[PDB]
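Heads up: the structure comes next, in structure tokens.
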Amino acid sequence: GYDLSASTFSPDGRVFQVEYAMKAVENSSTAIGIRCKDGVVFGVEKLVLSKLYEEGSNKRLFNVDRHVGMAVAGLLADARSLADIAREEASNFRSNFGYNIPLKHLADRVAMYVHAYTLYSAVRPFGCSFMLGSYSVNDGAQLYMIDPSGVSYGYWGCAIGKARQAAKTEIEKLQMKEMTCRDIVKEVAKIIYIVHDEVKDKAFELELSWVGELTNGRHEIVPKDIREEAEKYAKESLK
Amino acid sequence: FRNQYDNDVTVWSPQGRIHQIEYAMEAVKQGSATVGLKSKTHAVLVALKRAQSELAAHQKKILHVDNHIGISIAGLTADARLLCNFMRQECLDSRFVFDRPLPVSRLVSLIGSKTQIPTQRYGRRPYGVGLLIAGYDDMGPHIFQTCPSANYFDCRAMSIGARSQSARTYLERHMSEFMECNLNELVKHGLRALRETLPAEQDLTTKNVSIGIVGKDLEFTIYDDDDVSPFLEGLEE
Amino acid sequence: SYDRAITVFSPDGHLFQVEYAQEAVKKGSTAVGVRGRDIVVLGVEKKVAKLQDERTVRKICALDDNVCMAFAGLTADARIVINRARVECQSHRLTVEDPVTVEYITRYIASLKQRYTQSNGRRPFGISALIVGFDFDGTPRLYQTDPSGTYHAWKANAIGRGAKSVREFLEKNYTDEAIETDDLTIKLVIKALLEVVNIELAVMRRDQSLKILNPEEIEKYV
Amino acid sequence: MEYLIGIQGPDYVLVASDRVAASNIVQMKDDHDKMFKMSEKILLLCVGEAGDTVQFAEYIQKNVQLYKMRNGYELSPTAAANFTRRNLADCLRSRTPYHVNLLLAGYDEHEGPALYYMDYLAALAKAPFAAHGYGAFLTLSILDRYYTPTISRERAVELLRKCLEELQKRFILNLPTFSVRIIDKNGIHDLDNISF
Amino acid sequence: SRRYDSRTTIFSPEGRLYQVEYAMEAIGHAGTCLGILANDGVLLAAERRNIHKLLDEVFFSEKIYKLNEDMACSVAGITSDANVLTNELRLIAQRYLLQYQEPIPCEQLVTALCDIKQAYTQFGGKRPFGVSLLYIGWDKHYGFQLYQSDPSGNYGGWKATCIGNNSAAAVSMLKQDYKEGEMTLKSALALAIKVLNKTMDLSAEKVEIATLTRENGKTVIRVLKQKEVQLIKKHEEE
Amino acid sequence: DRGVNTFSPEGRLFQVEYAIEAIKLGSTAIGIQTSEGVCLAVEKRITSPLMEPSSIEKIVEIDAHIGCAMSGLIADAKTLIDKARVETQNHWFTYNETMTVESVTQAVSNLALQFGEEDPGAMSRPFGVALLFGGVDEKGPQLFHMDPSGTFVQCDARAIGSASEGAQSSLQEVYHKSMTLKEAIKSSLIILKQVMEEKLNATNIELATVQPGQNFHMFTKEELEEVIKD
Amino acid sequence: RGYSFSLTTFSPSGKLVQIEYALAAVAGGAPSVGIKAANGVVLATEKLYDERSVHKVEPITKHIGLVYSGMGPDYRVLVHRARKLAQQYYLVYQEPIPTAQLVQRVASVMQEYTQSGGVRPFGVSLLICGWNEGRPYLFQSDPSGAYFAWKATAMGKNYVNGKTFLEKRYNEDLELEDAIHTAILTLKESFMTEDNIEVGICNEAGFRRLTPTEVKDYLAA
Amino acid sequence: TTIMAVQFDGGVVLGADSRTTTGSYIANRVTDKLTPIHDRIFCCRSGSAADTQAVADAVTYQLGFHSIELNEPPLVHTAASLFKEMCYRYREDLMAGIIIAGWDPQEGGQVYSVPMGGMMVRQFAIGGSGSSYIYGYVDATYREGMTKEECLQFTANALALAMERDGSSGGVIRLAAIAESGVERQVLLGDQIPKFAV
Amino acid sequence: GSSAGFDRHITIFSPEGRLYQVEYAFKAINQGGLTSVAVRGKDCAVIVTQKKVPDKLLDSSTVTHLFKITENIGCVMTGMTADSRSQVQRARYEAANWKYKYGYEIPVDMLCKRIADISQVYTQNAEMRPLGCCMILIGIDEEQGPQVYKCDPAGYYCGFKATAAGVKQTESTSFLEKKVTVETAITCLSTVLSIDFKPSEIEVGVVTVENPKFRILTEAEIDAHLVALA
Ligand SMILES: *[C@@H]1CC(=O)N(CC)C1=O
Ligand SMILES: *[C@@H]1CC(=O)N(CC)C1=O
Ligand SMILES: [Cl-]
Ligand SMILES: [Cl-]
Ligand SMILES: [Cl-]
Ligand SMILES: [Cl-]
Ligand SMILES: [Cl-]
Ligand SMILES: [Cl-]
Ligand SMILES: [Cl-]
Ligand SMILES: [Cl-]
Ligand SMILES: [Cl-]
Ligand SMILES: [Cl-]
Ligand SMILES: [Cl-]
Ligand SMILES: [Cl-]
Ligand SMILES: [Cl-]
Ligand SMILES: [Cl-]
Ligand SMILES: [K+]
Ligand SMILES: [K+]
Ligand SMILES: [Mg+2]
Ligand SMILES: [Mg+2]
């Protein structure tokens, strides 16, 4: 009975409420981020739960600043509120300091907010993990990932959700450092099609966004035509 | 193995679930069925209204929010009015400040942000209400669905409430022809879907059906009683 | 500050904290009220030591010049309610320039008690009160309040330990003959108390203010 | 302007006040009463700014009455005078000062008669006799001239009458009638109005 | 959190306040303390729970507190709670003197503190104060007075009473021996020793006696010196 | 222990469920809406002959055009009645018009579900009372029902309290749209008579009407005797 | 945010168990000794570490010092509060706070944590020494907020044995030099270098910790 | 007071007089009006000495903490922004005219004016009561592409001229050069101060 | 090892006067699976810690347990990562605020004391948990020379000649005791883990009397030490 409150340690020094929130992420479908030569690309396996939904419903890719994208897995309502926290943090930074928030600083700030929800019986931990991606000439490409505990690290490649371990195996095969975003979108599409459990979950939409030199440091959705080319490449690669 | 994990909205279960949110979602399933669908020009809400007895009026299900937005409700009536009031206020605020209607998708975002807050705070509870939102703006007609979980969905068509699963089945079967329907055909599609929720003996009447319509050149309007007769008249058994 | 919901509904529509407050009343000394023709009488059981100062521990208290009350239950809770009512009697004289009606102050006391059954961080008051006095037209009045905040007017009533027995006695004994004179009105109260019982008694007459009877005068009736 | 006067004798206090309520150039009331009964043996006489006078005096009144109901006995005149001063002094530097001048007259069973003078700044002084208003300027010297500590109630009334006649003669305002009251061991007694 | 809340301010199914009753249990295990009213004064007699040989004794008293010019008190229960309450009594007395420029009547001081204790039983969700107090005093209304208050915020006036250890046995002895309206201070003293003789299980180091009298229209509160506490020798003869 | 804002697995608020149960501890109240007006009738339920029947007030005036019958925990209702009275006067002040029966009912029901331990000292629980609002506005005579959940609805005829299920059956049999007010008064008195524990007389019931013609009228003892005679 | 209910409550037998459990933390602490001499007071306590980096014997003012048995971090809180209370007094009265006044105010803080919402009591007992009115003082303050004036006492592990040892070897006429000797011997009963004990003295010249050199000299006796 | 800052290729030069007056009494004749805010960021202070000292101390705190969090040398523009935010927010309570000048690896040598009212502009800049008298001089003398040595001379001359005419300016000339390699400070006193005939 | 009530869930005393929740916080430190070592000499103070990069997809430059608090104060964090970062931010805040208020750099002992005092609060207030982490601070003091300080979740703190934290704390303490600076720290950590490190497998931070500014060694700088020790 040591697992009811985030203000309670178990006898072996664990905080089970945080671990239980992480399980909610593990039950979500997979999102991946890959940092390449000149930017960052995001892809999401977005499960189609109903044919009644519009194509574009329940986006899991967000702009949190003009230069910052965010990819989420877990409880989507919690993720949306974290997107708002991040947006407010980027907004406030510009007001105070007079320039665009560095990605590392934004990650740190939002992570400390996430962490604050792991200490108290008064609130519960966020049931979401997310990736932040950015590009500028001065800072280059950066990709960070934050989990429900509030841990924040930078990555060359990252995956969150139920097929995370399987996604990483595929990502490790890439020499992403040498590749352009154009090549990476195809690889991201590919990896999502590989880790997709076709037997268990039917129907998914592929969601793609990027930020890099090619977008002039602006986080944008991957154009439809490029997205379709990536889908066709991923489909034919899978045989 | 569930007893101690299901009383507080701040308590995660070992399976990575929140039981209070799930229980709140049961509340909308207890509500009577409502259907929403859209064409390229109109968004329509259709709702079944309960009455406890013959001498009682049928409970309202469709509410005006702004000239361009209306809602249908399923679940706790009190939560529905609390949310309706918030929505009305947001629309007023937008027109006051910007002198233009609040885009429908922006309002839904505001709802999701608002309804998420009590899901993370001790001693608070989720909103036990689901909404179908019909709107028209610069991006055309819209049907949104909001959940006690504070999640929201952009829909081609949707149904929530009791026995709504069979309304959803109808909608999927016919949704390929919704976009090209005129208003009359679109409402009939909504009525047919809602009729699927009824027991085999029960029928749509002017007492139990409520219709809301918003479109390109029509402000959100609610049709009740004698006003729903034109829509029912051309329906095949 | 402390915001726990203390008084809550239980499965049969019961408010347990209020019912428990009513149990605290039953542990209290018996108090009897009788409304006469031109008199109102309160009588209370006193359980007392020989070494005790009688003046300090009284269960009959004046709220205003024209209103007094008796109580049964938690004596500390009673002191709080009495002093709240005393403040309210003065606020009324201030704002309306008239003395309070017996009904007005009853209504006030009752709504105070009701609030403590629906407020966070508080338990209900564990007292019932009998409130007596006269109105402007010289009509005698007797009201009862209880922890739930319900109030009613009575011809005669009892509260506290063995209130049910005393009530059943008064039902059979409250007639025109019993309240025909002032002596028989006081007697009926003493008889009502002697049914479960060392007694304190007070009388209030039309525009004459509260008069507490001497132990020698009470010994004459017993 | 409003006039107040008090005269303390051996076992009584005599008090009087004008009965005019003025507004601009007119008398609006000629039977005004400026005396407030605090308890059975205490009178508070209050003059000054409109609104402030009745608000303050009635506040003290209800509080003195509440004390009696809570405790079963009354405030002594001295306790009531200090209570009054505390309240007025506390409000002096607040958002709600009261521009009132007061006499408090009372009889205590153990202390005998008492008369207290208080100005709007809330300075309190015990006096054998005192007066408020512009009328005080014309009457205080008559009191100084004729008063003795052993003055009888009969003489006090005639000495009051001398002061009031001086106002008729010499004072520029029309003050034709006065409330007169006396406090002793038997409580507050209404005497006849002194009229011109 | 509703899980960890012990709910100190609720009714039991019988209409009882458990915390109040458990507090009164604590008091019954505290040092014996009794007060006796007489025609020419009041006294407090307390059992010292100090008792250790290596204690320093820096104050004029250990269990008897002066409250104002005309009042003292003694306590049974949690010592630390008593310190909070006695400080508060001094504040109330001073607040009254500021306002009225006369000393607070004894009953008014008792009522004011009891209102604080009552509040702790009704709201705030805190534990009550585990203190019973005996108050002695003189005022111009009722002269010499003795009061007792308990954790619920109930009080009463007494001609003689006892709180703390073996108080039931003490109250029995008082009923037998106390001559109502005929007690002097010298005979009250005698009765106090006699009562403490039976209830305590007597030395001058083990007791503390304070008297309150009137001299030249002024209240005198004095704690008897060890030499005067001659009173133990005067009893053993009887 | 659980919080006041806990959902059951069936998606119901426990406290609201329990508050609705408390209505069944209440005495029977009846309302009938006709084209000639609305009538309200309530069982007083005298518990002792020593109690003054006139001190039991279960029909109250909200405004000149609106009455209110209550059932359940009567002490809870007083604060709801005050809110209704104040709100009608607030509406008059601002708009210089009478507030509709529906609008009054709506305003009172806004209070419901506004409970919870999150200040400080706000409502800790729902109100354990049901209300019948009967009055006349520009839409004609109207009767509304509101329960502890804050749900309100227009009713042709409604019974609340312990014997409401049986009384509602009787109402559905006797009620018709063209029914006069005098019939409605007699109908509800006949129904109250059969569902009451005590024998119906002129002292143990209350009756009030609101008509397009005249203001809220509480029936006097003599007026009740006339209606019973039949 | 914070809990508003007490975590210390009365048990059916009238006990406050949290306070008793707090005293169990004290009794499990390292031993401390206080001895009031005729012309001073001495406080003594048992302690890769840098022993000079943290101290158990601590000045509050120029004339008041303190030591503890129990939980070190809880002690630091009370040290900070005591220092603060002493300054608040000085600002008003422009006079060093009497030892007894300091003890009373600190004990009052300790009482708060037995009643206030969402907190546990302190798991420390204090020994406070001071010099004012040309007279030495020694006080103890327990987790409940109760305080006692002692001629000599011990707290922590083996305090029961320490107290009877002192009862045998302490007289009132003993001066400060001798009091230090007997205080060290009291710790020696349940134990030694000048690095593992701390000693503070208090006389007319005020309160100071004995230097490691000074302690080394007393150990030579 | 006269304050001034000039950008060159690879850094900035700052300068100020040293006179602090109460009315027409010189309370401090050797004031230091060039305050370091970070390793390579300075501000020149004019207006209320209370206000500019308080604002400078506050910004130093803010920029120092910010710099640790980011683990990088701060931008001059960031320092200027922090001054602007405070000077604008409390414009009704402040009497402060600031010049912010320094070097960062991103933008090099930069000069920002934050005048009374709390607007912010990149510019060379002059401020203080004494600056009125040298507007014509600086407008006539300034040349694009000046070396560091020329900027020092330009600043020394301009300040000297202002110091002669403005009773509220005078004393010594404090100069600072800021570049990648660091900060170089010097004082011109007596004969070292440029002289012009009457 | 007895228990009563909620003494294992919140920081109240157990029957023997223990705080179980505090003890569990020490267990939490070991969940990281890392060990850190700090040693001071006359000339410098050094911190060495393990750097485990299991993934490869991690940007290893962002994987660190060494933190600059001020220019002149560095620290190593052992335990829960997010808890650690939070305590680092607080230390940075306290240090910046000290400089602002007092006009000189915070002493290492004072910063450590402050963090420890903050941690004490979490051991006394029931509503939050202690942080499952451990902080070791290094810096040069003007008078005392190089300093090494450590504070724990219990709110204890101390200065050391040398110390360790994490999984092999006890084994490291044994090693360091037997020895009584950069070479010592690396050797100690290599012995208790039985590894023998690559330059990428450890992190090293230094402050010296000649160079007070906290410095993190590069991979090449670490290698020159590992090659010399070989
Ligand atoms: C949210 C999504 C869903 O299926 N429901 C029930 C109809 C919601 O309210
Ligand atoms: C902190 C570290 C140390 O050596 N001490 C004394 C034993 C502390 O309390
Ligand atoms: Cl959902
Ligand atoms: Cl549904
Ligand atoms: Cl009146
Ligand atoms: Cl009863
Ligand atoms: Cl005093
Ligand atoms: Cl019902
Ligand atoms: Cl709480
Ligand atoms: Cl400190
Ligand atoms: Cl020292
Ligand atoms: Cl700073
Ligand atoms: Cl300017
Ligand atoms: Cl300027
Ligand atoms: Cl200037
Ligand atoms: Cl100069
Ligand atoms: K000059
Ligand atoms: K804690
Ligand atoms: Mg005014
Ligand atoms: Mg200024």
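All chain E residue numbers match Swiss-Prot; in order, they span 2-202, 206-233, 235-243.
The backbone N, Cα and C atoms fix where each Cβ goes, and this holds for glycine too.
Per Swiss-Prot, the features are as follows:
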| type | residues | note |
| --- | --- | --- |
| MOD_RES | E:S13 | phosphoserine |
| MOD_RES | E:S75 | phosphoserine |
| MOD_RES | E:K127 | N6-acetyllysine |
| MOD_RES | E:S173 | phosphoserine |
| MOD_RES | E:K176 | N6-acetyllysine |
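Features recorded in Swiss-Prot, as mapped to the structure shown.
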residue	record	DSSP class
E:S13	phosphoserine	coil
E:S75	phosphoserine	strand
E:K127	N6-acetyllysine	coil
E:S173	phosphoserine	helix
Integer Cα-Cα distance in angstrom, E:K176 (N6-acetyllysine) to E:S75 (phosphoserine): 21
Densest Cβ neighbourhood among E:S13, E:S75, E:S173 (modified residues), 10 Å radius: E:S75
Most crowded position, judged by CB atoms within 10 A, among E:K127, E:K176 as modified residues: E:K127
Short-range modified residues relative to chain C, from E:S13, E:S75, E:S173, E:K176, with Cβ separation under 8 Å: E:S13, E:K176
Chain G neighbours, restricted to the modified residues E:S13, E:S75, E:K127, E:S173, E:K176, by C-beta under 8 angstroms: E:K127
Cα-Cα distance linking E:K127 (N6-acetyllysine) and E:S173 (phosphoserine), given in Å to the nearest integer: 35
Inter-residue C-alpha distance, E:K127 (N6-acetyllysine) and E:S75 (phosphoserine) (nearest angstrom): 24
Whole-number Å value for how far E:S75 (phosphoserine) lies from E:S13 (phosphoserine) (Cα to Cα): 31
